[PDB]
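> this one is an experimental structure. Sequence first:
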Amino acid sequence: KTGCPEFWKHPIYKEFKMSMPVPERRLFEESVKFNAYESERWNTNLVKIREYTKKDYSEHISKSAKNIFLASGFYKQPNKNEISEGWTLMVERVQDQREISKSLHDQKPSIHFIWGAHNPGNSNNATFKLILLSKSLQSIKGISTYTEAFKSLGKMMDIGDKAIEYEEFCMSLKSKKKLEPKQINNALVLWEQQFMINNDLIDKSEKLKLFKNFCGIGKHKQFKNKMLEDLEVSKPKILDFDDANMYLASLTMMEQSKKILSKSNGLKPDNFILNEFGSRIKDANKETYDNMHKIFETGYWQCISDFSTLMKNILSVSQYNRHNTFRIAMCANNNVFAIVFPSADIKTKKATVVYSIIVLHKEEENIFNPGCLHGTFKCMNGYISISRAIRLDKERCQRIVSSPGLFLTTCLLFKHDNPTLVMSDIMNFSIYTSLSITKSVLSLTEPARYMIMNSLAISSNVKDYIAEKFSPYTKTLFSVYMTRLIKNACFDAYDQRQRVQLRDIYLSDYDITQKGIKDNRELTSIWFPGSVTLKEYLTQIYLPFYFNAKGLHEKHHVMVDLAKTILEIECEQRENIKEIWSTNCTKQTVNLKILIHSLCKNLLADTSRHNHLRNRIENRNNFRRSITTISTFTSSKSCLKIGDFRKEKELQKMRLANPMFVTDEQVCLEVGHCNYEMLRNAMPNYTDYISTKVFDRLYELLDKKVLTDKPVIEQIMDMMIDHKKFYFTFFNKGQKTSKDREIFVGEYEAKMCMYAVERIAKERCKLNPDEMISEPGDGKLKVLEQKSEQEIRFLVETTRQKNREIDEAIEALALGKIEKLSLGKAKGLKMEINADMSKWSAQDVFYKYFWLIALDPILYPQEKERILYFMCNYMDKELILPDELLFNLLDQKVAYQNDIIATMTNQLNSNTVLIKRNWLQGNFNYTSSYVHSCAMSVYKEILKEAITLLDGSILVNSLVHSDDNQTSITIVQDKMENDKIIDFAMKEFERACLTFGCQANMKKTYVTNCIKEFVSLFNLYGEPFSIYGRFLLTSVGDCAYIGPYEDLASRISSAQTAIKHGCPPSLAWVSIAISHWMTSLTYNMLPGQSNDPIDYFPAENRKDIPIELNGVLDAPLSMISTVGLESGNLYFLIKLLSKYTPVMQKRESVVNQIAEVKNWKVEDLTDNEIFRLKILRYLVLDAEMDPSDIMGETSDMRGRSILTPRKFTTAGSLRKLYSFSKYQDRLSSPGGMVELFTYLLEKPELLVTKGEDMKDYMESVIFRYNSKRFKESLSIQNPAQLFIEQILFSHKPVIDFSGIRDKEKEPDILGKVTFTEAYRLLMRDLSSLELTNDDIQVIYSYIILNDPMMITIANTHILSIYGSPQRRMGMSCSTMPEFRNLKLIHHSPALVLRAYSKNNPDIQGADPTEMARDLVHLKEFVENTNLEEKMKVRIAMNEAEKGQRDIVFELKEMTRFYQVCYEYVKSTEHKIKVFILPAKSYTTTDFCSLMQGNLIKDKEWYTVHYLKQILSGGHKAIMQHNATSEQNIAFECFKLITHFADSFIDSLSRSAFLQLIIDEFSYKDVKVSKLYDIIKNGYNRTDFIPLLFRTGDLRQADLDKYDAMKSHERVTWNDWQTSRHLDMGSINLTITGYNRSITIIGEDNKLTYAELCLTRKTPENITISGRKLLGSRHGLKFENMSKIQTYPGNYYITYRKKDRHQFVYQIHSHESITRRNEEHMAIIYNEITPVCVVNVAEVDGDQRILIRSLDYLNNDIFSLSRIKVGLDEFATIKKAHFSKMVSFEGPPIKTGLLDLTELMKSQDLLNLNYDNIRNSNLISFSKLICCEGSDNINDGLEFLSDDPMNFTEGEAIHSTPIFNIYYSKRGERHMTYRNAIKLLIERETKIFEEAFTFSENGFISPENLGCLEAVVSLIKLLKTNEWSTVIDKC
RNA sequence: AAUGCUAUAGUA
RNA sequence: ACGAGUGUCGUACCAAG
RNA sequence: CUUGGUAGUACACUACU
Ligand SMILES: *O[C@H]1[C@@H](O)[C@H](n2cnc3c(=O)[nH]c(N)nc32)O[C@@H]1COP(=O)(O)OP(=O)(O)OP(=O)(O)OC[C@H]1O[C@@H](n2c[n+](C)c3c(=O)[nH]c(N)nc32)[C@H](O)[C@@H]1O
Ligand SMILES: [Mg+2]
Ligand SMILES: [Zn+2]
């Protein structure tokens, strides 16, 4: 109701006003106070300002466009010289910044491990290996620094000959601190392979030098005795990458590694991956299986597996190391050992592990040495070599542990489908990259993407990027090798750009069959020798960025780096940036007039698009609803609190360690690390802050009554003026890039205001086509493809139009004439700009958002005032430096020279820095996107004006994201060379970006002819493309470590996403197998391990155990990609159907097969199936095993996992929360919890929700603290600690198994059962439950029939017939055709149960009369599953046995009810996003067919034929059925049947066929006769006049309306045009009106003549008749540049030009045309071009249709969809696509040998191209053959049509991307369907006869007859597999 | 081909 | 030694002789 | 240096999809 008058007095607003010119100030002040309603019109203020600024906008546009002539095509083109100069500058800069070392002894280990081949002779017993190690160590020869220490250690761990004593002592210790060592001869044993130091066997000097220098244990000065000294200032030291000697050494090291590791192990390769998924991998691809087996046979795999296993052992043995005890770790290899030197307990804070590898090799030079060796020593038998000491943390140890999966994935990705790549090189590169855990390779993997991409681009500034940004960090030799590889790739990229060639594009005006880049291995590989395709080249470029490990950054240094960056930007802005508005494109300035004009135009368009925008914003963002309902306001994310939190931080004397802050007393005190107390006391102006969860902060605000129960938008508005100071902290994202980014965190107050403003911006941004932030996920990939397709079109027809007459003259010519005519023609140009913006938020002008807010017409003046006040306050926000950063800074003792942090903090006087110009990253995404889209619109306008100056053609599409820009530009012109156009476009892109306060990152921006690069997505030439390998790498890489099932679920979801992006089937199976193997390793579940569940369940192998119970996945790959994580149960049920169902019903529909599940006997079921069905029924449907103690869990926290291990619980984090104290004190109350429990029992709505009101939300959040799942969710848990806990404590109880329904020094993650006794408990409880036929009926009824999607997928697996292979030429994106017909529940499961709890379907946020259907479905589930009756019985029996009601038990039961209801409703929700398929689907049948075809064989994709109506939506068809629904269904049915009848059937037999269809067929599960009755009774009978004539002869009423609706001008098309946009078909057109009728006859680009049968001959009626006739929706563009020579007299059609391409068509005389054109010749020249000639005659107005006449006129023709309604007028039926023809159902139609029902069911033979059928395969034609005793094939083909068909024609498009287009033409007489079938039969039968001969004599030879008899018998005996039928048929 | 107001692991 | 770094860090901590 | 005691995650992790 009230504004904020204090806004006009804000200093920020005053500066903004003074910066502006005087009239603009008045305009802004008027716009702020302008209101929509009280004004006469809503679009009056925007119009005023737009008119005011139009002059300046137009002058700027014209001046920018005029630069086209001043552009000389010397654009920034990369070449060899640019790369060389940039490399020299980079070398100089790197030398200046970092110290360069030329000595090889300065290298860091490339891989922190050394390996040698195993010894077959020596056994694998631990004691024998230990004795051998001791003897080898004691036998070292020679002299060195540490040889004495190593000999002494060998003496210490030597056990002599008392092997039996050692074994029995170790067993005794393992049978069960201050462990006492027994003197085993010379050893001092405390445990298995652990030895205490022996001062008697070693010199003290040797021990000190080993533990101080070699290992670094205690070598430092403890940071207290290190005062003002030993602090060495030095630059980072790296090797010389460009040095010839260093590169030679690196190459030698790589060669040695290749030489040794290539040798085979010499053993049979067997492992989990093989034994589980080998068959599936081999079926998907044999080459992938061969490559994987060869990998398993090599020494690389054994090396990496040994390293992983040894590291897993090292981490396990490091828990209880003493100060003077060193342990020994072993592995599978009997020659590789590690010594774990004493260190801290590794599960503590930032604890590291110290180890040194020992390798025993018979010969020297037999040791894989990746720069980690310390020395090889000769000893007894062979040599012994020991590596340098290695210290690593937990995250690096994790990566090293999860190495083999990454190695295998990388090797299989690089090698896949490439025979010219040597596998050893790939495996060498992969083993060196995957084992990298250092920043060196991480500093090269990311920049290489940009370097090679900009080198390959048409134009780029790669020289600058190399000179300034590229900075290799070469501390290892492999880093030098990779740097040389990158340099060579950058050199080669330019030379091989021309080696990319486009594929032959196929056009149909509705779809593009073929597109993309040609598949020729011409490009040179990057990381290793060989040749690669463009897709493989891009994969090699982009994949290595995902090799990087996450969390390799160290907090001590990265926090300082981020603070330095932010403060440097801030100080540069403070000291150099003063002006705001600039017209010279100054940096960090905005042009005012242009910005205002563009904003006004875009706002006008957006508001004009939708009338109701304010409401759209209010409703979609819960503006009118309470704050508790909004999700982001109730999340568990972090939030900032500013106040007095001294006590909390203090809970967790010494000197401050900083000379500046030391007082007199502080001098005489010990130095110590800064904590909160010393920081607070010393630092005068320190603001105190803490971080608490968002929901906890909201609860605290509700307690203090800051926020009430008023609608959120009202609450946000009052706080915009109630909050005046903003504080923001920051932390490090921990990303995997070279430089980590900073993440800004703000308080709850700022959060809500930013939420409101950005929702306002977002709802407007969703109304524009440019911004891609609005779409979710891979929706962008679909858009990119659509834009590419439309540009490709526009280019094709524009180039054809501009050069059609030139090409015609060239054809008529056929040397010198060809040259000049080719010179004088338009040139097609396609340019793609892949642009990024540098420092999108840091160096961004924030004053344009003021104008954006002020010009918004959907806001009241008070709202504008409050939002502007909020923005002004935001400009005064202060960044709070984190306490850890202050601790680092205050612990220096040496003053940094250019200390920017101290400079900006008043010498660390305060921890707040006033950040003004920088709006923090991630806060203003949508406003920035809108402004960037406005800038792109300005750029588009400039480009259009410039192209108009050249009189060319333009098409600009600018994809917009937050800071990622994709601008694609298509130009057709003939005035100047293309290079000048490219230079002009790039310069104006710079100018347009600068005019709006942005700047394009040319240092990372590049331009290509074909490649589209939007955000992480590719579109080569309209073919969607993506690097799917990143999903596999991420799945194999970072893990949550939360639990065995959810880990596997995340891995399988990543595999599913990769499949969606085009992963070949074999690599997906490899990824799934690797995921299962890694999950088994993490929890010790391999065959024979501790937690192997195969012996605890009635299952033959792991394939028969559900994933939830730690089984392996068994499902078809196409089925997994469709749903995922429910495929196991679905496949199990499908297998049960395939087995038990009777033979009669097996190839029936899945519903029909389920219909006889009652006939099944429950007794004759195997144990495994009974167990799995009990699992399904009870656990999935009516949960009886609680996965945890479900005490405070809402109806949201149930997954599918049954055995969920407990996780960490952090006492400190909970004690931080303000609501946790309330929960504890309420729990401390004598009976407080019971009152809350019974209050919830009285209000069960709070279980599903979290409390719509204030008080109920308070109670719900208090109650949720009892769950111990929500408690452990708020806890701090890191993958590293969880991984080390899993690998350390495997026997600890971690699982809480309460059972069916219900029934000191404790660790943090203690549980109830030990993960193994849980199997026994689960099986025991399952034995109690019983199974009946009703239970099975419920399981099939719900998991399958409830969802149409499940019925459909099971239908796909039952009715599938695999067909002919064919190449993957053009890929396309199709999401899910007719989704709504497959969705059971409309709304989200949260809303459905929300409307179920409150017994009212009218809940806010949902749709009434749609909640009705959903609640009906839900209620149905509860009723048929007895979900309520069983709960009531249980409650009654519990109360009876107890004798009094139990609130807790009732709460548990009710929570379980809502929880299983939520799980059931969520199970019916499927989120299937965009897919990449070898074609684009038209129906669900086509989509499923494409999926199955693409997801079987990697090399080729097949075509599948669902035998019996796969969709089978019997219940769904009843749902969503309406009057118009049936009427639309009938229209499509009859269009399809008529067009099929006259397109494929012989004309003389078309009537009987139509009658047979209309009598005994059905469409969409609807009888056809009913549809015909609908057609006859419908009003629009005229649309099917030919059909009504051919059948039933219904007339006189349709005909009268047909000659009657000519009241408005009606247009008919006597013959359809073969190409509508390319202008290439026979055209016959007729337009009829009042006493007027014109008929147009022409072919392709030439119009022959036009007959005008006008009523009167006067030359005045002719013009009015012409304009009236040609002004109708004829659809003939009249763009036929076939201008006709003019003859005196007569009349010509001509088309004048009207702007916006609204050409006006008129009829004119010769003399009039000539006179007007000569008059207009006087000094844009618009000339009327006469096209076609007009014949004028006088005719009467008599009616032209009589029912009797039709039979005579139509006697000659026999066409069902077309009849001659007049002599030259044809009545026609609208066409429809033939993809819908599958929905037809009926008995086979027997036309001799041919069966027409299977023909019309066939999709490959329904094509209208003679060539596509003449060149088909027998397999496609086989399904048609139905012999019935026939021998002659010709008898059958007589029924096929003999009308001429289309044949493809090839043309060359003249454009800078050279490509050829292939389209259809009319053809000839001999090109008929029957001729094509005859040729196909002859060719394919000959080929089949020669293919299956395998006999000396021939095909019909008796021996071959017997062989074919054996083949058909094999099938007549073996069960019908996927491909048996086609062999028999052919 | 399509057309109903609520259409509801990743990116910087 | 190793990790990190053109920011001083980690390189276990405390008590006693 | 020698003999004893201690240590569960760098207690931190956002804004939009
Ligand atoms: O499913 C769509 C379309 O994809 C599919 N289809 C097109 N071509 C097909 C084919 O060759 N074989 C099969 N099996 N399916 C084919 O059928 C549906 C489109 O049918 P169609 O009837 O061709 O679509 P129209 O746009 O022509 O529909 P209509 O409502 O008649 O459009 C009127 C609108 O377009 C002008 N018009 C009509 N016709 C026939 C032409 C023409 O031949 N050339 C030009 N230049 N314009 C035409 C009407 O005058 C008006 O402007
Ligand atoms: Mg980009
Ligand atoms: Zn036969």
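The structure has been received and is ready for your questions. Residues are numbered from 1 along each chain as shown, chains lettered A, B, ... in the order given. Ligands and ions are numbered 1, 2, ... in the order given.
> every contact and neighbour count from this point should use C-alpha atoms.
Fine.
> check the offset of stretch A:300-308 from the chain's centre.
With Cα atoms, centre = their mean, to the nearest Å as the basis, stretch A:300-308 stands 32 Å off its chain's centre.
> neighbours of whichever residue of the stretch 1351-1500 of chain A sits closest to ligand 1, just the number please.
As assessed by Cα to the nearest ligand atom, ligand 1 sits closest to residue A:1482 within the stretch 1351-1500 of chain A, at 9.5 Å. Applying other Cα atoms under 10 Å, we find 16 residues neighbouring residue A:1482.
> and if you look at residue A:1431?
Neighbours of residue A:1431 under the rule other Cα under 10 Å: 16.
> touching, it and residue A:1453? I think so.
Yes. Judged on Cα atoms under 8 Å, residue A:1431 makes contact with residue A:1453 at a distance of 6.6 Å.
> distance of the residue of the stretch 1351-1500 of chain A closest to ligand 1 from ligand 3?
As defined by Cα to the ion, to the nearest Å, residue A:1482 lies at a distance of 35 Å from ligand 3.
> confirm that residue sits in a helix?
No. Residue A:1482 is assigned coil when assessed by DSSP: H, G, I helix; E, B strand; the rest coil, not a helix.
> residue contacts, it?
A:1377, A:1779, A:1780 (Cα atoms under 8 Å, 6 or more residues apart in numbering).
> ok, and the most crowded of the residues you listed?
When neighbours are taken as other Cα under 10 Å, the top entry among these is residue A:1780 (20 neighbours).
> give me the neighbour count for the nearest residue to it once chain neighbours are set aside.
In space, and not counting its chain neighbours, residue A:1780 is closest to residue A:1483: 7.0 Å by Cα to Cα, 6 or more residues apart in numbering. Neighbour count for residue A:1483, taken as other Cα under 10 Å: 18.
> what is the nearest of the contacts of residue A:1482 to RNA strand D?
residue A:1377 (20.2 Å; Cα to the nearest atom of the strand).
> the closest one: which element?
Here residue A:1377, judged by DSSP states H and E, is contained in no helix and no strand.
> how about the helices in the stretch 701-850 of chain A?
Assigned by DSSP state H, counting those that start in this stretch, the stretch 701-850 of chain A shows helices spanning A:712-722, A:748-765, A:779-802, A:804-813, A:816-823, A:848-854.
> to residue A:1364, which of those helices lies closest?
Nearest to residue A:1364 among those is helix A:779-802 (27.3 Å), distances taken as Cα to Cα.
> list the helices and strands that closest one packs on?
In terms of contacts (3 or more Cα pairs under 8 Å, 6 or more residues apart in numbering; DSSP states H and E), helix A:779-802 is packed against strand A:827-836, strand A:953-960, strand A:964-973, strand A:1017-1019, strand A:1024-1025, strand A:1372-1374, strand A:1847-1853.
> tell me the angle that helix makes with helix A:804-813.
Between helix A:779-802 and helix A:804-813, the angle comes out at 50 degrees (axes from the mean of the first three to the mean of the last three Cα atoms, to 10 degrees).
> if we can go back for a sec, out of the helices of the stretch 701-850 of chain A, flag the one nearest residue A:1031.
With Cα to Cα as the criterion, residue A:1031 lies closest to helix A:779-802 of these, at 16.1 Å.
> flag every buried residue along the closest one.
A:779-789, A:791-802 (16 or more other Cα atoms under 10 Å).
> try stretch A:468-485
Buried residues in stretch A:468-485 (16+ other Cα under 10 Å): A:470-485.
> one more: stretch A:1689-1700?
Going by 16+ other Cα under 10 Å, stretch A:1689-1700 has these buried residues: A:1691, A:1692, A:1693, A:1694, A:1695.
> check contacts around the first one.
Residue A:1691 sits next to A:1707, A:1708, A:1709, A:1710, A:1733, A:1734, A:1735 when contact means Cα under 8 Å, 6+ apart.
> any idea how far apart the tips of stretch A:1572-1591 sit?
End-to-end distance of stretch A:1572-1591: 10 Å, with Cα to Cα, to the nearest Å as the criterion.
> and it, how far from the chain's centre?
Mean-position distance between stretch A:1572-1591 and its chain equals 48 Å (Cα atoms, centre = their mean).
> what's that stretch in contact with?
If you take Cα under 8 Å, 6+ apart as the criterion, stretch A:1572-1591 is touched by A:1527, A:1530-1531, A:1538, A:1551, A:1555, A:1558, A:1594-1595, A:1598-1599, A:1601-1602, A:1760-1763, A:1771-1774.
> buried only: go through those for me.
A:1530-1531, A:1538, A:1551, A:1558, A:1594-1595, A:1598-1599, A:1602, A:1760-1763, A:1771-1774.
> on that earlier part again, for the residue of the stretch 1351-1500 of chain A closest to ligand 1, give its distance to residue A:1778.
Taking Cα to Cα, one finds residue A:1482 at 10 Å from residue A:1778.
> which residues are common contacts for these two?
Residues touching both residue A:1482 and residue A:1778 by Cα under 8 Å, 6+ apart: none at all.
> one step back: between the contacts of residue A:1482, which is nearest residue A:1368?
residue A:1779 (20.0 Å).
> the closest one and residue A:1803 touch, don't they?
Yes. Applying Cα under 8 Å as the test, residue A:1779 and residue A:1803 come out as touching, 7.0 Å apart.
> and for the closest residue to RNA strand D within the stretch 651-800 of chain A, the neighbour number?
Closest approach between the stretch 651-800 of chain A and RNA strand D, counting by Cα to the nearest atom of the strand: residue A:776, at 3.7 Å. Close neighbours of residue A:776, defined as other Cα under 10 Å, add up to 9.
> identify the residues contacting it.
Residues near residue A:776 by Cα under 8 Å, 6+ apart: none.
> ok, so what distance separates it from residue A:961?
From residue A:776 to residue A:961 the distance is 12 Å (Cα to Cα).
> could you measure from the residue most central in space within chain A over to ligand 1?
Nearest to the geometric centre of chain A sits residue A:778, at 5.0 Å (Cα atoms, centre = their mean). Distance of residue A:778 to ligand 1, given as Cα to the nearest ligand atom, to the nearest Å: 26 Å.
> I figured that residue hits residue A:1474, correct?
Yes. Counting by Cα under 8 Å, residue A:778 touches residue A:1474, with 6.2 Å between them.
> residues contacting the closest residue to ligand 2 within the stretch 1301-1450 of chain A?
Using Cα to the ion, residue A:1373 is the residue of the stretch 1301-1450 of chain A that sits closest to ligand 2, at 20.5 Å. The contact partners of residue A:1373, by Cα under 8 Å, 6+ apart, come to A:781, A:782, A:785, A:1024, A:1474, A:1475, A:1476, A:1477, A:1479, A:1480.
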